[PDB]
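Enquirer:
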Amino acid sequence: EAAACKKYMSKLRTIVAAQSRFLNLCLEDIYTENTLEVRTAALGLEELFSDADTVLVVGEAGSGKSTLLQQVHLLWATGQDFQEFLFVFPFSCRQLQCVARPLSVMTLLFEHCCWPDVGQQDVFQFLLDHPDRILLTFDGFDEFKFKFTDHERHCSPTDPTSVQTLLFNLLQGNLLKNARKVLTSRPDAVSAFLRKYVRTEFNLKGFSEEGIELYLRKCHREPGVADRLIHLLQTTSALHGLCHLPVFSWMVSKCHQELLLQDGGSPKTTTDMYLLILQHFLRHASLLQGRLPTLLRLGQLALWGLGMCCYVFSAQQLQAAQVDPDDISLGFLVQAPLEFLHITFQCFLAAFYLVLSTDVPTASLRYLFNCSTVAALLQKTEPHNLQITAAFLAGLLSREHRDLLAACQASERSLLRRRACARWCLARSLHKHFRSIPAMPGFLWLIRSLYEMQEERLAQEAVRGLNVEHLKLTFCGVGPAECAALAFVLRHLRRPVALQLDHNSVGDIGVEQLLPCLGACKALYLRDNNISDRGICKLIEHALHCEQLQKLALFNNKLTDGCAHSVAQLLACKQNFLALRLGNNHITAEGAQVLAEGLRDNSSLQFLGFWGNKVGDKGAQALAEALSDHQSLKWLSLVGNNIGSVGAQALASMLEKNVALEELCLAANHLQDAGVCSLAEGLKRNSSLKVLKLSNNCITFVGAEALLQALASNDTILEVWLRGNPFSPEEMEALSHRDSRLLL
Ligand SMILES: Nc1ncnc2c1ncn2[C@@H]1O[C@H](COP(=O)(O)OP(=O)(O)O)[C@@H](O)[C@H]1O
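Residues 195 to 217, 225 to 241, 254 to 263, 271 to 505, 518 to 567, 577 to 612, 637 to 703, 715 to 1020 in the entry's author numbering are what the sequence shown spells out, letter by letter.
#1: Anyone know if the C-beta pair for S929 and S954 falls short of 9 angstroms?
#2: State buried or exposed for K367, treating a residue as buried only when at least 16 other CB atoms are found within 10 Å of its CB.
#3: Closest to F358 by C-alpha separation, out of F427, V308 and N423, would be which residue?
#4: Tell me which residues share the same chain as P336 and place their Cβ nearer than 8 angstroms to its Cβ, disregarding the 5 neighbours each side in the sequence.
#5: At what residues does the alpha helix (DSSP H) containing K814 begin and finish?
#6: What's the gap between the Cα of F886 and the Cα of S921?
#7: So, helix, strand or coil for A774, using DSSP?
#8: Taking just the CA atoms, how far does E363 sit from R678?
#9: Alpha carbon to alpha carbon, what distance is there between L825 and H746?
#10: Closest to residue 708 by C-alpha separation, out of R1017, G979 and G867, would be which residue?
#11: From the DSSP output, in three-state form, read off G859 for me.
#12: Using only CA atoms, which one of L722, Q554 and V782 lies nearest to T750?
#13: Beta-carbon within less than 6 angstroms of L434's beta-carbon, same chain only, minus the 5 sequence neighbours each way: which residues are those?
#14: Excluding the five sequence neighbours on either side, which residues of its own chain have a C-beta within less than 6 angstroms of the C-beta of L800, listed in chain order?
#15: Hey, would you say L590 sits closer than 9 angstroms to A687, going by beta carbons?
#16: So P578 is in the alpha helix (DSSP H); what residue range does that whole segment cover?
#17: Alpha carbon to alpha carbon, how far is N852 from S880?
#18: Using three-state DSSP, classify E677 as helix, strand or coil.
#19: Distance check for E647 and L538, CA to CA, integer angstroms please.
#20: Give me the Cα-Cα distance between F564 and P772, rounded to the nearest whole angstrom.
#21: Please report the straight-line C-alpha distance between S382 and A320, rounded to a whole angstrom.
#22: How far does the alpha helix (DSSP H) with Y727 in it reach, from first residue to last?
#23: Would you list the one or two residues that DSSP bridges to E421?
#24: Among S1004, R529, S1016 and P1005, which residue has its Cα nearest to the Cα of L983?
#25: Closer than 6 angstroms by C-beta to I584: which residues in its own chain qualify, once you throw out the five before and the five after it? Chain order, please.
#26: Let me check you understand the geometry: is the CB of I231 closer than 8 angstroms to at least one non-hydrogen atom of ligand 1?
#27: As a quick exercise: from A988, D804 and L502, pick the residue whose alpha carbon is nearest that of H779.
#28: Thinking C-beta only, is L942 closer than 9 angstroms to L970?
#29: With DSSP collapsed to three states, give me the class of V343.
#30: Ordered along the chain, which non-local residues of its own chain (more than five positions away) have a Cβ less than 6 angstroms from that of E259?
#31: On the three-state DSSP scale, how would you describe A409?
#32: From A763 to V787, what does the alpha carbon distance come to, in whole angstroms?
#33: Does the region 206 to 216 come close enough to the region 344 to 353 to have 3 or more Cβ pairs within less than 8 angstroms?
#34: Say the cut is 8 angstroms; is the CB of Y435 nearer than that to a heavy atom of ligand 3?
#35: Is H946 buried or exposed, if buried means 16 or more other CB atoms sit within 10 Å of its CB?
#36: Less than 8 angstroms between the CB of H768 and some heavy atom of ligand 1, yes or no?
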């Protein structure tokens, strides 16, 4: 025999592993790296854990959050990772919302997760006694409803209470203090009330471009099929775009065979994708009117549930919405209480119902864009689900799908009327948005909706009269397909806009999908967006034809010497260009030498940044020589670029000639007193440079003096930064007294 603890441990592992294992398929063969990032390197799943003991994982519908927990569970239940926890308790929030009956923690862990065969009482005790060896996971937290009578304290494990009260208290640390928790949610339902008690907060972006490649390889084993899909994607920017989000990579893979036939051109918008998967399911049975009433019966349930904030259905609810076995087999319902294959499929079918059902009055649709029980359901529906439904609604009414839908109607009269109502709401939508700004996730969904409807004139109308100068979309979850929408709408602006896209997941594919609106930008900010030389070399060939575009910022991407020649062409040819930021990439001396040629033949540039790169002495020469004669550049960072005294000589020689450079940043090289001395020689023939940052540079009092001697005859400099250098406390005292401008 063994005790009741070791017995439960082993039951739990069995049951968890048994559920975690499968998605005929095997999660362990199929799971594919899905990047995990923080604040608010970049860490893998295995690094998930490293006061307040609850970790949060947040990402858009379909970014792989459910599947991430599922792998955590599998990895634990089989020994491979996360072995510090003796017990792991998987929960699904959409299933807990369905429990009215108040609950104790016991009845939770045991009735609603895993029943111990023996020792119930003794086991629970062990858990209470050793909480630091417990993990609880809660999937899809957004699918709870937290109310005004669920905030009370409650520390009793044995005392019944409501379901949500348990969670609230679990997370604070009132129940199972020091036990770990992991939550997955959409970005909306994370308020700062919760956020107080979160260890760390991760963000789940989706597959990188080589993720997708991997994924496809893992799923398709047939000889070189993965290759031929990776070909399809590499010839089809839009489809490739969508696949950065695994639910699309899944769909693509799921329809490989019909995608590879085509014959009739690939899909482009998200609605196209959801239509393609629909017809796939319908081939296991026009084709669509064949199963029309089925889809309507499902859509009705979808909208119902959506309006009700119920994403799981009891066979009583299923009979009450008249869904027979023949309906269920079509395969949108799954997993016996049933749920929709994915939340997005609920939203698609709801949108479908909304288009075609003859119980949906035109005016009800006005609620999808914020402008019948149908109407009432829409008002009660969660915003992040309405945003999605409405995007699909837009798509289904596109001109491309006139015909599909004209099959199912006896009378297009109805469709004409809904199209026109949607179109009306959409045209108003962007004014409605900016005029009530007392936001910017709401903005993209409006963009996505205009893009899906696919009418060009409609984008134009929606944008007419707006006065946008700056458009901040940082940390907004912008991928390759958000980029496609953004382009679709923004290209129509007549005011050059500053497109601030810092900290997203644009990548090379997003850059390509942005290009049509590049003409409408005066400034493109794409820091921390995982862009390679392929992306930037493309971006430049197009930038050369946009005279409006003057600033480009590409800090912290994967650029390398391979982009050098393109950069040389940019500086040499665009001649109203103002600002270029390339900090934190992998440019080296050779790239620097190469691109500098373009600098020599440049007239207009004003800022040029290289912080974090490694141009070194030969790269610092080549830039210095280029900038000696250069008439407009006023700022230059070579911070952290491994520049010895050889490059500092060259930069000095530059200052004897250059008459325009005002600031020159050098912190974090290895300059030594040698370099500072020639730099100081330079200052004695420069009546123009204002600031000279020289922090963290192995400079000794010897150097400081050469600078001070030069500062004797030079009055134009305002500051010379030296902090962090090897100065003795007694040496520092002296330097304060000796000249005011030396910032220590
Ligand atoms: N890391 C992954 N590896 C392989 N497939 C994934 C991964 N993440 C998501 N998927 C695919 O996407 C589908 C839906 O993803 P899901 O985990 O439900 O995202 P979310 O729960 O955030 O909406 C999965 O059933 C699976 O096909």
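Just so it is clear, CB atoms sit at the ideal spot from N, CA and C, and this is done for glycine as well.
Expert: Per the coordinate set shown:
#1: yes
#2: exposed
#3: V308
#4: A198, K201, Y202, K205, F330 and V343
#5: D809 to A819
#6: 18 angstroms
#7: strand
#8: 37 angstroms
#9: 14 angstroms
#10: Residue 708 cannot be located in this model; the chain continues from 703 straight on to 715.
#11: coil
#12: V782
#13: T233
#14: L775 and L828
#15: no
#16: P578 -> no alpha helix (DSSP H), and no H or E assigned at all.
#17: 6 angstroms
#18: coil
#19: 7 angstroms
#20: 45 angstroms
#21: 7 angstroms
#22: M716 to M729
#23: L276
#24: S1016
#25: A281
#26: yes
#27: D804
#28: yes
#29: helix
#30: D301
#31: coil
#32: 10 angstroms
#33: no
#34: Among the ligands in the structure shown, ligand 3 does not appear; only ligand 1 can be found there.
#35: exposed
#36: no
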